[PDB]
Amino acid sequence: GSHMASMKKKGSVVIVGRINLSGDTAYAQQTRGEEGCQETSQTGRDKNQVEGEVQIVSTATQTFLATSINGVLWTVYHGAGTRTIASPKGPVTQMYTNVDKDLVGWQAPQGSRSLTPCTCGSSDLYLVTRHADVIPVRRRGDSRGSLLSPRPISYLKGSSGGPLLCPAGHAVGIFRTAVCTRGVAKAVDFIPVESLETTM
């Protein structure tokens, strides 16, 4: 509009949970409910303890994932836009933004753990979803991989920003898009970890 004094400000991305991969079982944990998420988005002040590599994140209108690799919390631009992330000291500005790669990054929150970029050159990958499903994916190109067991896109919705990992648990990529036939996701496209390492 033309009245700057009443123009609104978009809130921060807020960590609302995590995918726990510490033990023998992968499972999602929620760490903040909808009400606290809304307040934290407006203030940008998040005093909750952060743990793990894969965070569940939310805005006022979307929920997706964010993954720490080499001390950067990475996610997709189509989820985060240019938004700050909430942190204990106030909103934190993105350190990386690349709409051409559908990629953004913030400094990894204190308490998080980072994945190591994969150097194995392995093509047997594993996609981790927001429901803590571990989905075998065969790498088919620099940025594409096929699901060994296709499933409706509904099962992958909300998992952009999640990791594809190698057999050793290294980060190979950041889940970006699905490739579907009749609503069934047969393959995925991801931001390769090398494209991250270049951005850095």
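Numbers for residues come from their place in the sequence shown, where the first is 1.
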125 to 133 set against 110 to 118, stretch whose average Cα temperature factor tops the other in the entry: 110 to 118
Stretch with the higher entry mean CA B-factor, where the candidates are 65 to 73 and 41 to 49: 41 to 49
Where the record places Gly11 (Cα B-factor, split into thirds across the chain): highest
Ranked against its chain, the third holding the CA B-factor of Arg182: highest
Lowest, middle or highest third - CA B-factor, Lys89: highest
B-factor third for the C-alpha atom of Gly17 within its chain: lowest
Chain-relative CA temperature factor third for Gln29: lowest
